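**Student:** With the input below, show me the fold.
(chains A, B and C, ligands or ions: 7)
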Amino acid sequence: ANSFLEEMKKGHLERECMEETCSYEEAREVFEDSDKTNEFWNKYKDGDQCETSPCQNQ
Amino acid sequence: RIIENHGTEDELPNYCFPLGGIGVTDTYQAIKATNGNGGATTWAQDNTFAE
Amino acid sequence: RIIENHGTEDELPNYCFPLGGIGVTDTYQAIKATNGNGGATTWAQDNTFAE
Ligand SMILES: [Ca+2]
Ligand SMILES: [Ca+2]
Ligand SMILES: [Ca+2]
Ligand SMILES: [Ca+2]
Ligand SMILES: [Ca+2]
Ligand SMILES: [Ca+2]
Ligand SMILES: [Ca+2]
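**Tutor:** Numbering: from 1, shown residues only, chains lettered A, B, ... in the order given. Ligands and ions are numbered 1, 2, ... in the order given. Sure, structure below:
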């Protein structure tokens, strides 16, 4: 999660953010930006919304 | 001026430690032994402890 | 020949540190304080400090 030494390095999107609670922060240092962190994080509280293909006609 | 160099006595290693004693960890859950019925031993959870 | 044990003088713990001095770390970001007119207090983000 956010243990000691652990976060004395760099995050890994398989190591931490999946099998762990992946609160955020460590979910954000892997990219260090805004482009992918939001979308990526949105799918772990309850899942991804574009799985269902809700919108019509592209 | 004159060096009587013959190393040092270090048959033992030295070792620091974690200010509080144990460094990492790993949450855990109490599981009281709600044993099986007849044959196979089943399990359950307990509410006496923490979570 | 004769073991003359008095214990050792240790009333202060001796601590070691991080090669850099400051422990962990966590990103942070500067803010300012546009007045909270008629109300509480705003809280924006100044641009002078790299974020
Ligand atoms: Ca990290
Ligand atoms: Ca995995
Ligand atoms: Ca990790
Ligand atoms: Ca882990
Ligand atoms: Ca991390
Ligand atoms: Ca960090
Ligand atoms: Ca941060």
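**Student:** Residue B:10: which element?
**Tutor:** Of the helices and strands defined by DSSP states H and E, none includes residue B:10.
**Student:** and it, what are its phi and psi?
**Tutor:** Geometry field for residue B:10 lists phi and psi as phi -140, psi 50, criterion degrees, to the nearest 10.
**Student:** Can you get me a residue count around residue A:27?
**Tutor:** Residue neighbour count, defined by other CB atoms under 10 Å in any protein chain shown, stands at 19 for residue A:27. (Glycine included, C-beta is placed from N, CA and C.)
**Student:** I'd assumed residue A:40 was in contact with it.
**Tutor:** Yes: look at residue A:27 against residue A:40 with CB atoms under 8 Å: they come within range, at 7.1 Å.
**Student:** in chain A, which spans are helices?
**Tutor:** Taking DSSP state H to define them, one finds helices in chain A at A:37-41.
**Student:** And the strands in chain A?
**Tutor:** Under the criterion DSSP state E, chain A carries no strands.
**Student:** So which bits of it are right by chain B?
**Tutor:** Near chain B, the residues belonging to chain A are A:3, A:4, A:5 when assessed by CB under 8 Å from any CB of the partner chain.
**Student:** Dump those residues into JSON lines; add neighbour count and distance to ligand 7 as well.
**Tutor:** Rendered in JSON lines, the data for those read as follows (neighbours: other CB atoms under 10 Å in any protein chain shown; distance: CB to the ion, whole Å):
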{"residue": "A:3", "neighbour count": "13", "distance to ligand 7": "16"}
{"residue": "A:4", "neighbour count": "12", "distance to ligand 7": "16"}
{"residue": "A:5", "neighbour count": "9", "distance to ligand 7": "18"}
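**Student:** which one of these is nearest residue C:26?
**Tutor:** Taking CB to CB as the measure, residue C:26 sits nearest to residue A:4 out of these, at 13.2 Å.
**Student:** Distance of that closest one relative to residue B:18?
**Tutor:** 9 Å (CB to CB, to the nearest Å).
**Student:** Then residue B:8?
**Tutor:** Here the distance between residue B:8 and residue B:18 works out to 27 Å (CB to CB).
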